[PDB]
Amino acid sequence: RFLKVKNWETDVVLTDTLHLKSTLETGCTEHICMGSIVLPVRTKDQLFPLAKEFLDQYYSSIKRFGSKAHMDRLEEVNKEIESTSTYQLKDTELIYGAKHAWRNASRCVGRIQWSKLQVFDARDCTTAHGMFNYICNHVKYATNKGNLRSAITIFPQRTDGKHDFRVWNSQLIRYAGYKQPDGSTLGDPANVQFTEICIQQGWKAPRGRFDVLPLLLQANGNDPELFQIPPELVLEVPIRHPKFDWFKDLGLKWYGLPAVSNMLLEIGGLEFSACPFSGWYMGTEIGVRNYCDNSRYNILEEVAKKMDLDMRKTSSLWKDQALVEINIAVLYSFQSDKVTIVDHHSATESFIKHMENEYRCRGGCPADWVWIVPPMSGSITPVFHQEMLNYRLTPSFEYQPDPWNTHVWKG
Amino acid sequence: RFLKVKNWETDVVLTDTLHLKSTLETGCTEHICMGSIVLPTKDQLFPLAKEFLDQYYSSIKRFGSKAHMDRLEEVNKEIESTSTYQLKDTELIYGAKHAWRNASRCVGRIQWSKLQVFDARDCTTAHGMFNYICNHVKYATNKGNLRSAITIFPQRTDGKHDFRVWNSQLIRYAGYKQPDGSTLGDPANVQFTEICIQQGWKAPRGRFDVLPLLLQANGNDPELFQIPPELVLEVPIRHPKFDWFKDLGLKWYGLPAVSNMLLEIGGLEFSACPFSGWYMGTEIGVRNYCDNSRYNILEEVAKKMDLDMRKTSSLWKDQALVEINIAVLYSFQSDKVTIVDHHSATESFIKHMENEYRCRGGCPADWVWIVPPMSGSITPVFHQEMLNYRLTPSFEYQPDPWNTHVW
Ligand code: HEM
Ligand code: HEM
Ligand SMILES: C[C@H](O)[C@H](O)[C@H]1CNc2nc(N)[nH]c(=O)c2N1
Ligand SMILES: C[C@H](O)[C@H](O)[C@H]1CNc2nc(N)[nH]c(=O)c2N1
Ligand SMILES: NCCN[C@@H]1CNC[C@@H]1Cc1cccc(N)n1
Ligand SMILES: NCCN[C@@H]1CNC[C@@H]1Cc1cccc(N)n1
Ligand SMILES: [Zn+2]
């Protein structure tokens with residue numbers, strides 16, 4: 001079967017054959033689309049086929065499908081599973097696996113960069129302190145003094161699901177959120193619950209507006225432990241506006257390294273519950289969402305007052321006007337401090353090229369329109385006008401329940 | 001069986017049960033989502049009719065009554081006998097209002113029940129059609145205080161006597177391809193504009209030439225007609241700060257009136273059912289004005305603002321976008337022609353969704369289309385999970401008539 005996607009701004013049409021290798025479910029039926037819904041220990045039995053599919057892709061990718069090296073590996077993995085109930089990946093496969101999990105991330109607009117990924121093998125890690133060490137090296141390497149580099153650290157895979165390695169933070173770096181008894185919130189509201197957990201665990205919260213949270217790390221299924229990231233390692237950018245001098249007085253700043261740490265990495269059946277990864281920000285993640293979501297820093301009004309926009313009627317589009325300036329400010333600061341960052345125009349255009357390429361050389365590019373289109377100026381970026389097909393391929397990054405909801409404390 | 005939708009900005013969760021009555025297909029499978037794709041017999045008819053009437057009677061608290069039963073056999077006999085049937089006025093109105101109610105891609109459905117329905121089923125010719133459309137345009141324009149309406153022409157019989165309005169909207173601007181390789185006017189209508197000429201229209205070859213209606217009756221050949229100029233209310237666009245704005249020479253009509261869709265009620269098909277409401281700002285300012293393939297005026301507005309268009313990171317395109325949309329809302333209000341801004345429009349839709357969940361158990365909604373093409377995440381709907389599915393009565397797309405007309 002062939003599927004066509006059309007771009008209504010250029011009439012360009014594309015054919016997807018890749019979806020034919022899609023095994024996982026989407027959440028949608030013939031009678032219902034769930035395209036806008038955010039969140040919709042294996043047996044020997046299911047494991048080998050999953051291992052086999054993966055290794056087949058792997059060997060085809062290196063042009064050795066059906067080779068003796070290939071057949072031997074299948075046999076090797078086969079035996080190991082029957083003997084130990086699981087199996088270890090060779091460095092080449094882990095690496096090849098992680099890049100493809102990224103390459104298959106249908107909600108990621110930055111995928112043109114998928115083949116350039118530094119993979120750190122942290123499978124020999126056994127303790128939280130061990131984890132902390134690994135993470136610091138990742139932050140330092142990835143930050144690279146502002147000239148950011150994509151990277152991922154992969155800790156030991158799940159075994160019996162009782163010895164999981166988990167990074168309790170959602171991102172390696174995030175500001176604390178504190179709930180005041182008066183109902184207002186200090187810091188980033190999105191992190192209040194986790195901050196509470198950190199405090200309860202012994203963290204001495206400075207209680208400011210931009211407190212870098214401590215790392216809460218679980219190793220081998222044990223209770224998590226706290227670590228403070230060396231300050232000198234946390235690159236941060238003060239936010240100012242190129243024409244507005246009062247902007248700097250808003251006291252805004254942001255860290256430079258976006259590093260998602262709560263996702264699970266699935267490769268050839270194996271589950272890597274702790275696999276932090278980082279790239280570099282697209283302007284809008286900070287300027288639109290982080291600052292302007294009503295449930296985040298909500299700086300839209302304060303910025304509007306200072307600009308003195310007509311805030312009596314929404315039809316003045318004061319909210320729209322302020323949003324643009326704020327985003328202009330984020331891009332400006334980052335470029336000025338020489339910290340890697342990309343604007344949504346550049347990013348979406350690049351993605352469109354990446355996408356087309358993917359159809360030509362791979363027969364498709366799974367993409368989630370709801371997430372690929374930026375949270376501002378949607379239709380003046382090329383992706384808006386691009387039809388897409390969303391389906392799931394492995395390797396892949398999956399959501400996993402927050403560890404505090406499932407962890408069996410040992411005390 | 002019972003699905004929940006969460007608003008990630010307010011944490012509110014709603015339970016949708018209405019989707020279980022869904023009947024048509026979505027285009028998706030459990031393997032692939034097609035949510036961003038723009039266009040994904042007597043034995044057949046009675047069940048469709050039955051489904052409709054039951055819901056009609058259910059709505060008027062008389063489900064399973066004699067009237068219900070009676071009507072049910074009357075239509076039943078008529079279908080067998082006449083191989084089709086006619087709807088009672090009451091059913092027509094209810095049908096239309098509900099087709100709008102079920103339009104998962106329309107952000108303005110909170111207004112659904114306030115719909116003026118014009119029964120144009122006694123129509124027999126293109127002239128009659130032209131007469132009906134003019135009355136509709138006039139009644140809905142209402143000197144600027146817009147009122148929603150739909151005029152329903154005769155239903156389909158054997159596909160060989162279909163009534164069709166060839167335009168995509170009652171009111172649109174022409175598009176001509178110049179030697180310059182460039183395009184004059186609205187590129188979206190380039191082709192339709194040609195078909196007009198190929199039929200006689202005297203294109204004034206202007207930038208904003210209100211096109212002529214091209215009407216088709218009882219399967220006959222489409223005929224041309226020029227809506228009375230005094231009936232097409234227009235708004236010249238000026239910015240409330242940039243006096244130079246007026247020099248781009250921009251104007252837009254006040255009446256958004258989709259004419260190419262197909263209205264389906266109780267199995268019956270109304271192939272010519274033009275309908276209208278009023279614009280949400282972004283429709284003109286963002287899509288019509290800035291879409292690269294439309295009037296594509298961003299670069300121009302950019303130059304006038306003297307913005308550094310050297311690099312994309314200056315967000316010049318974004319700054320222009322906002323102004324171009326401030327001007328639209330501005331001009332319309334100034335001339336007192338009804339118009340809603342995307343913040344107000346989406347906010348109304350959230351409340352509507354909530355009323356629909358608690359008073360109907362759901363609200364089909366298409367996120368990709370509901371979220372405005374600008375400032376997406378600052379509008380509430382961006383944070384609103386939606387369930388998309390198809391309910392009848394409904395408005396469906398249909399092949400342009402020229403790619404199907406046996407002259
Ligand atoms: C090189 C810089 C990169 C850029 C500019 C980029 C951009 C983005 C953006 C804008 C999002 C959506 C943000 C949000 O709303 O949460 C995103 C999501 C995502 N990206 Fe990337 N990305 C990059 C690198 C990476 C890397 C290195 C990986 C993995 C190896 C990755 C994996 C994903 C995944 C899994 C998601 C969706 C996460 C979710 O479902 O919540 N990205 N990316
Ligand atoms: C009264 C104010 C109304 C507002 C603000 C409103 C707004 C909108 C908007 C923004 C769209 C998307 C338009 C596009 O991007 O092409 C839409 C689509 C639509 N609306 Fe409404 N609408 C209104 C009235 C109506 C009426 C009176 C009907 C029907 C009786 C209706 C039926 C639909 C349908 C069927 C679509 C989708 C058409 C398609 O698939 O292209 N709307 N509406
Ligand atoms: C409910 C809705 O799906 C939700 O707001 C989605 C929409 N699109 C998004 N797109 C991106 N990139 N990131 C997000 O967090 C979201 N949130
Ligand atoms: C390809 C994609 O489906 C297309 O660009 C959609 C996106 N969302 C839209 N939303 C609205 N309201 N109107 C449109 O025409 C579109 N176009
Ligand atoms: N809701 C998921 C949270 N994702 C957060 C939102 N902003 C950074 C991170 C995504 C991400 C991952 C990798 C690179 C990047 N630019 N962005
Ligand atoms: N491309 C499908 C046709 N959509 C066109 C785009 N703008 C007017 C009309 C939608 C529409 C119908 C009713 C009211 C409204 N504001 N908008
Ligand atoms: Zn879907």
# chains A, B, ... in the order shown; residues from 1 in each chain; ligands from 1

call {"tool": "select_by_dssp", "arguments": {"residues": "segment 49-131 of chain B", "states": "alpha helix (DSSP H)", "output": "number ranges by chain"}}
result
B: 49-59, 66-82, 89-101, 126-131

call {"tool": "interface_residues", "arguments": {"of": "chain A", "to": "chain B", "cutoff": "8 Å", "atoms": "only C-alpha atoms", "output": "PyMOL selection string"}}
result
chain A and resi 5+9-10+19+22-38+288-289+292-295+314-317+319-321+324+328+331-332+342-343+345-346+369-370+374-380+387-392

call {"tool": "atom_distance", "arguments": {"atom1": "atom CA of residue 347 of chain A", "atom2": "atom CA of residue 95 of chain A"}}
result
24.9 Å

call {"tool": "select_by_dssp", "arguments": {"residues": "segment 110-220 of chain A", "states": "strand (DSSP E or B)", "output": "list in words"}}
result
residues 118, 119, 120, 121, 151, 152, 153, 154, 166, 167, 171, 175, 177, 178, 179, 185, 186, 187, 212, 215, 216, 217 and 218 of chain A

call {"tool": "write_last_selection", "arguments": {"atoms": "C-alpha atoms", "output": "compact mmCIF listing (two decimals), in the first residue's frame"}}
result
# COMPACT_ATOMS: atom_id res chain seq x y z
CA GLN A 118 27.08 11.54 20.65
CA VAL A 119 26.17 8.35 22.47
CA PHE A 120 27.59 7.73 25.89
CA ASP A 121 27.41 4.15 27.00
CA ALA A 151 24.16 13.73 23.10
CA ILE A 152 22.50 10.89 25.03
CA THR A 153 23.63 8.85 28.03
CA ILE A 154 22.27 5.32 28.25
CA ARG A 166 15.61 6.22 36.61
CA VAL A 167 16.35 9.93 36.49
CA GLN A 171 14.93 17.46 32.31
CA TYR A 175 14.00 25.72 37.72
CA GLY A 177 8.55 25.86 41.45
CA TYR A 178 7.23 26.75 44.91
CA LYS A 179 3.62 27.00 46.00
CA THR A 185 3.57 30.31 42.71
CA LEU A 186 7.25 31.27 42.83
CA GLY A 187 9.49 29.96 40.07
CA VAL A 212 18.40 25.12 39.34
CA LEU A 215 19.32 15.84 40.37
CA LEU A 216 17.28 13.05 41.95
CA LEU A 217 18.76 9.73 40.82
CA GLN A 218 17.69 6.14 41.16

call {"tool": "residues_around", "arguments": {"residues": "segment 177-188 of chain B", "least_positions_apart": "3", "cutoff": "10 Å", "atoms": "only C-alpha atoms", "output": "tab-separated table (two decimals) with N, CA, C and O atoms, in the first residue's frame"}}
result
chain	number	residue	atom	x	y	z
B	172	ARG	N	-16.02	35.99	-3.76
B	172	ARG	CA	-14.56	35.86	-3.84
B	172	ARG	C	-13.97	36.77	-4.93
B	172	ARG	O	-14.69	37.26	-5.81
B	173	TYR	N	-12.66	36.98	-4.87
B	173	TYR	CA	-11.94	37.81	-5.83
B	173	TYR	C	-11.28	36.94	-6.92
B	173	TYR	O	-10.80	35.83	-6.64
B	174	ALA	N	-11.26	37.46	-8.15
B	174	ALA	CA	-10.69	36.75	-9.29
B	174	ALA	C	-9.16	36.65	-9.29
B	174	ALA	O	-8.47	37.44	-8.63
B	191	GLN	N	-7.98	29.30	-11.67
B	191	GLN	CA	-8.69	28.36	-12.52
B	191	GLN	C	-10.17	28.67	-12.69
B	191	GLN	O	-10.68	28.71	-13.81
B	192	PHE	N	-10.86	28.85	-11.57
B	192	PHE	CA	-12.28	29.16	-11.59
B	192	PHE	C	-12.50	30.44	-12.39
B	192	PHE	O	-13.45	30.53	-13.17
B	193	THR	N	-11.61	31.42	-12.22
B	193	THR	CA	-11.72	32.68	-12.94
B	193	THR	C	-11.71	32.42	-14.45
B	193	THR	O	-12.46	33.02	-15.21
B	194	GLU	N	-10.86	31.49	-14.87
B	194	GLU	CA	-10.75	31.14	-16.27
B	194	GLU	C	-12.06	30.56	-16.77
B	194	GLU	O	-12.56	30.97	-17.83
B	205	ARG	N	-9.95	42.37	-15.14
B	205	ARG	CA	-8.54	42.12	-14.85
B	205	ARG	C	-7.99	43.05	-13.78
B	205	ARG	O	-7.00	43.74	-13.98
B	206	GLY	N	-8.66	43.04	-12.63
B	206	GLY	CA	-8.25	43.85	-11.50
B	206	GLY	C	-7.67	42.95	-10.41
B	206	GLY	O	-7.58	41.73	-10.59
B	207	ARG	N	-7.28	43.55	-9.29
B	207	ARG	CA	-6.69	42.81	-8.19
B	207	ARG	C	-7.75	42.26	-7.25
B	207	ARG	O	-7.55	41.22	-6.62
B	208	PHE	N	-8.86	42.98	-7.14
B	208	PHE	CA	-9.97	42.59	-6.27
B	208	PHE	C	-11.31	42.61	-7.00
B	208	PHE	O	-12.24	43.32	-6.61
B	209	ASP	N	-11.43	41.82	-8.06
B	209	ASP	CA	-12.66	41.78	-8.82
B	209	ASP	C	-13.65	40.75	-8.28
B	209	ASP	O	-13.45	39.54	-8.45
B	288	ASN	N	-5.40	34.50	3.98
B	288	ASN	CA	-5.63	35.15	2.70
B	288	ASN	C	-4.51	36.11	2.32
B	288	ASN	O	-4.04	36.12	1.18
B	289	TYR	N	-4.10	36.91	3.30
B	289	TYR	CA	-3.08	37.92	3.09
B	289	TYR	C	-1.65	37.42	3.05
B	289	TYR	O	-0.85	37.87	2.21
B	293	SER	N	1.02	31.21	-1.03
B	293	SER	CA	0.28	31.05	-2.27
B	293	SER	C	-0.98	31.90	-2.38
B	293	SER	O	-1.77	31.72	-3.30
B	294	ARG	N	-1.20	32.83	-1.45
B	294	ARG	CA	-2.38	33.69	-1.56
B	294	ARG	C	-1.92	35.10	-1.95
B	294	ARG	O	-1.02	35.23	-2.78
B	295	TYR	N	-2.51	36.14	-1.36
B	295	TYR	CA	-2.09	37.49	-1.71
B	295	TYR	C	-0.65	37.75	-1.28
B	295	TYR	O	-0.08	38.81	-1.59
B	296	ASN	N	-0.08	36.78	-0.58
B	296	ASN	CA	1.32	36.80	-0.13
B	296	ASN	C	1.92	38.21	-0.04
B	296	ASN	O	2.79	38.57	-0.85

call {"tool": "atom_distance", "arguments": {"atom1": "atom CA of residue 125 of chain A", "atom2": "atom 16 (O, counted along the ligand's line) of ligand 1"}}
result
28.0 Å

call {"tool": "residues_near_ligand", "arguments": {"ligand": "ligand 2", "cutoff": "6 Å", "atoms": "only C-alpha atoms and all ligand atoms", "output": "ChimeraX atom specification"}}
result
/B:100,103,105-108,148-149,275-280,395

call {"tool": "residues_near_ligand", "arguments": {"ligand": "ligand 1", "cutoff": "7 Å", "atoms": "only C-alpha atoms and all ligand atoms", "output": "compact mmCIF listing (two decimals) with N, CA, C and O atoms, in the first residue's frame"}}
result
# COMPACT_ATOMS: atom_id res chain seq x y z
N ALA A 98 19.95 4.16 19.26
CA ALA A 98 19.62 5.48 19.79
C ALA A 98 19.35 6.52 18.70
O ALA A 98 18.40 7.29 18.79
N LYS A 99 20.18 6.53 17.66
CA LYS A 99 20.01 7.46 16.55
C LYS A 99 18.69 7.21 15.86
O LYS A 99 18.01 8.15 15.44
N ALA A 101 16.00 5.86 17.23
CA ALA A 101 14.90 6.21 18.15
C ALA A 101 14.65 7.70 17.91
O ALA A 101 13.51 8.15 17.89
N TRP A 102 15.72 8.46 17.71
CA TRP A 102 15.58 9.89 17.49
C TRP A 102 14.96 10.10 16.12
O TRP A 102 14.01 10.86 15.95
N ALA A 105 11.35 9.78 16.06
CA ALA A 105 10.57 10.64 16.96
C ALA A 105 9.66 11.54 16.12
O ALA A 105 10.05 12.64 15.71
N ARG A 107 7.34 13.49 16.86
CA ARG A 107 6.99 14.79 17.43
C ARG A 107 8.18 15.75 17.44
O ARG A 107 8.03 16.88 17.89
N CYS A 108 9.34 15.31 16.95
CA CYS A 108 10.55 16.12 16.95
C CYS A 108 10.85 16.81 15.61
O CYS A 108 11.08 16.14 14.60
N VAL A 109 10.88 18.14 15.64
CA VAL A 109 11.13 18.94 14.44
C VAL A 109 12.62 19.08 14.14
O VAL A 109 12.98 19.51 13.07
N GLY A 110 13.46 18.73 15.10
CA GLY A 110 14.90 18.84 14.92
C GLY A 110 15.58 17.63 14.32
O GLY A 110 16.80 17.60 14.22
N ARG A 111 14.82 16.64 13.89
CA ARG A 111 15.41 15.43 13.34
C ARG A 111 16.41 15.49 12.18
O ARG A 111 16.99 14.48 11.84
N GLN A 113 19.10 16.47 12.33
CA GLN A 113 20.34 16.24 13.06
C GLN A 113 20.51 14.82 13.62
O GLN A 113 21.51 14.52 14.28
N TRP A 114 19.54 13.95 13.36
CA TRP A 114 19.58 12.60 13.92
C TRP A 114 20.88 11.79 13.77
O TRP A 114 21.29 11.13 14.70
N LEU A 117 24.82 12.31 16.66
CA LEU A 117 24.42 12.14 18.05
C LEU A 117 25.55 11.50 18.80
O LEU A 117 26.02 10.44 18.40
N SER A 150 24.49 17.58 20.28
CA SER A 150 23.51 16.55 20.65
C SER A 150 24.18 15.38 21.35
O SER A 150 25.24 14.94 20.94
N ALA A 151 23.57 14.86 22.41
CA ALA A 151 24.16 13.73 23.10
C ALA A 151 23.11 12.98 23.91
O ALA A 151 22.04 13.53 24.20
N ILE A 152 23.39 11.71 24.22
CA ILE A 152 22.50 10.89 25.03
C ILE A 152 23.35 9.96 25.87
O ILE A 152 24.38 9.48 25.41
N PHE A 277 18.72 12.80 27.14
CA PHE A 277 19.22 13.25 25.86
C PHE A 277 19.06 14.76 25.70
O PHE A 277 18.14 15.39 26.24
N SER A 278 19.97 15.36 24.95
CA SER A 278 19.93 16.80 24.76
C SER A 278 20.33 17.24 23.37
O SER A 278 21.09 16.56 22.69
N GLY A 279 19.81 18.39 22.98
CA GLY A 279 20.12 18.98 21.70
C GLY A 279 20.31 20.45 22.00
O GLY A 279 21.15 20.79 22.83
N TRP A 280 19.55 21.31 21.34
CA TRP A 280 19.59 22.76 21.58
C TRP A 280 18.18 23.32 21.32
O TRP A 280 17.40 22.78 20.53
N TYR A 281 17.85 24.40 22.00
CA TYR A 281 16.52 24.97 21.90
C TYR A 281 16.11 25.58 20.58
O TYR A 281 16.95 26.10 19.81
N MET A 282 14.80 25.54 20.35
CA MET A 282 14.19 26.22 19.22
C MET A 282 13.66 27.39 20.04
O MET A 282 13.16 27.21 21.15
N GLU A 285 10.27 27.33 22.33
CA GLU A 285 10.06 26.50 23.50
C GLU A 285 10.18 27.34 24.76
O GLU A 285 9.48 27.08 25.75
N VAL A 342 17.95 27.96 17.64
CA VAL A 342 17.41 28.11 16.30
C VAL A 342 16.00 28.70 16.33
O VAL A 342 15.23 28.40 17.24
N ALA A 347 14.14 26.33 11.66
CA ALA A 347 13.86 24.95 12.07
C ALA A 347 12.81 24.23 11.25
O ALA A 347 12.98 23.05 10.92
N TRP A 371 2.41 18.59 17.06
CA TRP A 371 3.65 18.99 17.74
C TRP A 371 4.72 19.64 16.84
O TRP A 371 5.52 20.46 17.30
N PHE A 397 11.40 6.44 21.50
CA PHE A 397 11.38 7.04 22.82
C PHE A 397 9.94 7.01 23.27
O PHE A 397 9.05 7.48 22.56

call {"tool": "closest_residue", "arguments": {"among": "B:331, B:142, B:41, B:394", "to": "residue 237 of chain B", "atoms": "only C-alpha atoms"}}
result
B:331

call {"tool": "residues_around", "arguments": {"residues": "residue 222 of chain A", "least_positions_apart": "3", "cutoff": "10 Å", "atoms": "only C-alpha atoms", "output": "list in words"}}
result
residues 127, 128, 162, 163, 164, 165, 166, 217, 218, 219, 225, 407, 408, 409, 410 and 411 of chain A

call {"tool": "residues_around", "arguments": {"residues": "segment 256-269 of chain A", "least_positions_apart": "3", "cutoff": "7 Å", "atoms": "only C-alpha atoms", "output": "compact mmCIF listing (two decimals) with N, CA, C and O atoms, in the first residue's frame"}}
result
# COMPACT_ATOMS: atom_id res chain seq x y z
N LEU A 47 10.26 -11.44 23.21
CA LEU A 47 11.58 -10.87 23.01
C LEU A 47 12.36 -11.18 21.72
O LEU A 47 12.73 -10.24 21.01
N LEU A 50 11.30 -9.42 18.46
CA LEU A 50 11.64 -8.00 18.59
C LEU A 50 13.14 -7.82 18.40
O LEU A 50 13.59 -6.86 17.79
N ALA A 51 13.93 -8.75 18.92
CA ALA A 51 15.36 -8.65 18.77
C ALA A 51 15.67 -8.85 17.29
O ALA A 51 16.48 -8.13 16.70
N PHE A 54 14.83 -5.89 14.97
CA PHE A 54 15.83 -4.86 15.15
C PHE A 54 17.14 -5.20 14.43
O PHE A 54 17.62 -4.42 13.60
N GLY A 97 20.95 2.10 17.44
CA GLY A 97 19.61 2.11 18.00
C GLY A 97 19.13 3.49 18.45
O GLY A 97 18.04 3.95 18.07
N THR A 143 27.18 20.93 26.52
CA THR A 143 27.17 22.37 26.59
C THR A 143 28.28 22.93 25.70
O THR A 143 28.05 23.87 24.92
N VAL A 167 15.95 8.58 36.18
CA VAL A 167 16.35 9.93 36.49
C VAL A 167 15.00 10.57 36.85
O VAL A 167 14.17 10.77 35.99
N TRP A 168 14.77 10.83 38.13
CA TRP A 168 13.49 11.40 38.53
C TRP A 168 13.18 12.78 37.91
O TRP A 168 12.03 13.11 37.70
N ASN A 169 14.19 13.58 37.60
CA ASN A 169 13.92 14.86 36.96
C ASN A 169 13.39 14.63 35.54
O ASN A 169 13.78 13.65 34.89
N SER A 170 12.55 15.55 35.05
CA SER A 170 12.01 15.44 33.70
C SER A 170 13.07 15.97 32.71
O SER A 170 13.17 15.51 31.59
N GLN A 171 13.85 16.94 33.13
CA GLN A 171 14.93 17.46 32.31
C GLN A 171 16.10 17.57 33.29
O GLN A 171 15.89 17.80 34.47
N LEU A 172 17.33 17.40 32.80
CA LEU A 172 18.49 17.46 33.69
C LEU A 172 18.55 18.81 34.36
O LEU A 172 18.96 18.93 35.50
N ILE A 173 18.10 19.83 33.65
CA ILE A 173 18.11 21.17 34.20
C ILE A 173 16.74 21.83 34.09
O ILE A 173 16.17 21.90 33.01
N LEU A 235 25.09 26.32 32.07
CA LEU A 235 25.16 27.52 31.23
C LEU A 235 23.80 28.16 31.21
O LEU A 235 22.81 27.49 30.94
N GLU A 236 23.76 29.46 31.51
CA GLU A 236 22.52 30.22 31.54
C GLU A 236 22.65 31.52 30.77
O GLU A 236 23.74 32.12 30.71
N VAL A 237 21.53 31.96 30.20
CA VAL A 237 21.51 33.18 29.40
C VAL A 237 20.53 34.22 29.93
O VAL A 237 19.33 33.96 30.02
N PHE A 272 15.32 0.82 28.14
CA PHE A 272 16.28 1.67 28.84
C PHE A 272 15.48 2.79 29.49
O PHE A 272 15.15 3.78 28.83
N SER A 273 15.17 2.61 30.77
CA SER A 273 14.37 3.56 31.54
C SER A 273 15.06 4.88 31.94
O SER A 273 14.41 5.84 32.32
N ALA A 274 16.38 4.92 31.87
CA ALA A 274 17.10 6.15 32.17
C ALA A 274 17.99 6.39 30.95
O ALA A 274 18.98 5.68 30.74
N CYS A 275 17.64 7.40 30.14
CA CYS A 275 18.39 7.70 28.92
C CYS A 275 18.33 9.18 28.57
O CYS A 275 17.91 9.55 27.47
N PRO A 276 18.76 10.05 29.49
CA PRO A 276 18.71 11.48 29.18
C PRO A 276 19.34 11.85 27.83
O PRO A 276 20.37 11.30 27.43
N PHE A 277 18.72 12.80 27.14
CA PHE A 277 19.22 13.25 25.86
C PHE A 277 19.06 14.76 25.70
O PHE A 277 18.14 15.39 26.24
N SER A 278 19.97 15.36 24.95
CA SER A 278 19.93 16.80 24.76
C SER A 278 20.33 17.24 23.37
O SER A 278 21.09 16.56 22.69
N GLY A 279 19.81 18.39 22.98
CA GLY A 279 20.12 18.98 21.70
C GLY A 279 20.31 20.45 22.00
O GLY A 279 21.15 20.79 22.83
N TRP A 280 19.55 21.31 21.34
CA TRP A 280 19.59 22.76 21.58
C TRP A 280 18.18 23.32 21.32
O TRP A 280 17.40 22.78 20.53
N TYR A 281 17.85 24.40 22.00
CA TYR A 281 16.52 24.97 21.90
C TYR A 281 16.11 25.58 20.58
O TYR A 281 16.95 26.10 19.81
N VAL A 339 25.36 31.12 22.40
CA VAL A 339 24.80 29.86 22.85
C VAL A 339 23.88 29.36 21.73
O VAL A 339 22.94 30.08 21.32
N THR A 394 10.10 1.48 15.76
CA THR A 394 11.08 1.27 16.81
C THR A 394 12.37 1.14 16.03
O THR A 394 12.36 0.73 14.87
N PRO A 395 13.51 1.49 16.64
CA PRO A 395 13.61 2.00 18.03
C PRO A 395 12.78 3.26 18.29
O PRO A 395 12.43 3.98 17.37
N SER A 396 12.45 3.53 19.56
CA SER A 396 11.66 4.71 19.88
C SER A 396 11.78 5.19 21.31
O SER A 396 12.17 4.45 22.21
N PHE A 397 11.40 6.44 21.50
CA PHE A 397 11.38 7.04 22.82
C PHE A 397 9.94 7.01 23.27
O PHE A 397 9.05 7.48 22.56
N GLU A 398 9.69 6.44 24.43
CA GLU A 398 8.32 6.36 24.93
C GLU A 398 8.17 7.11 26.23
O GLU A 398 9.13 7.43 26.92
N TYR A 399 6.92 7.39 26.56
CA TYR A 399 6.62 8.04 27.81
C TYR A 399 6.60 6.91 28.82
O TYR A 399 6.42 5.74 28.46
N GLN A 400 6.82 7.23 30.08
CA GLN A 400 6.77 6.20 31.09
C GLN A 400 6.22 6.89 32.32
O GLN A 400 6.43 8.09 32.52

call {"tool": "closest_residue", "arguments": {"among": "A:244, A:362, A:340, A:91", "to": "residue 148 of chain A", "atoms": "only C-alpha atoms"}}
result
A:340

call {"tool": "closest_residue", "arguments": {"among": "B:369, B:252, B:163, B:2", "to": "residue 232 of chain B", "atoms": "only C-alpha atoms"}}
result
B:252

call {"tool": "closest_residue", "arguments": {"among": "B:406, B:167, B:217, B:12", "to": "ligand 3", "atoms": "only C-alpha atoms and all ligand atoms"}}
result
B:12

call {"tool": "residues_around", "arguments": {"residues": "residue 242 of chain B", "least_positions_apart": "2", "cutoff": "10 Å", "atoms": "only C-alpha atoms", "output": "compact mmCIF listing (two decimals) with N, CA and C atoms, in the first residue's frame"}}
result
# COMPACT_ATOMS: atom_id res chain seq x y z
N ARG B 238 -7.07 49.60 6.73
CA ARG B 238 -6.16 50.63 7.22
C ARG B 238 -5.64 50.24 8.60
N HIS B 239 -4.42 50.63 8.91
CA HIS B 239 -3.82 50.29 10.19
C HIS B 239 -4.07 51.47 11.13
N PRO B 240 -4.27 51.22 12.44
CA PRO B 240 -4.52 52.30 13.40
C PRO B 240 -3.26 52.99 13.93
N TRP B 244 0.60 54.86 6.23
CA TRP B 244 1.02 54.38 4.91
C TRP B 244 0.33 53.08 4.52
N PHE B 245 -0.21 52.37 5.52
CA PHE B 245 -0.86 51.08 5.28
C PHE B 245 -1.85 51.12 4.12
N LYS B 246 -2.72 52.13 4.14
CA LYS B 246 -3.72 52.29 3.11
C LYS B 246 -3.19 52.24 1.68
N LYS B 304 7.72 48.27 4.24
CA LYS B 304 7.08 49.48 4.77
C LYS B 304 7.36 49.72 6.26
N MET B 305 7.64 48.65 6.99
CA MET B 305 7.91 48.79 8.41
C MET B 305 9.40 49.01 8.64
N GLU B 323 0.79 43.02 12.78
CA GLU B 323 0.24 44.29 12.29
C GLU B 323 -0.85 44.06 11.25
N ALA B 327 -4.69 45.37 11.71
CA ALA B 327 -5.34 46.24 10.74
C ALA B 327 -6.69 45.70 10.28
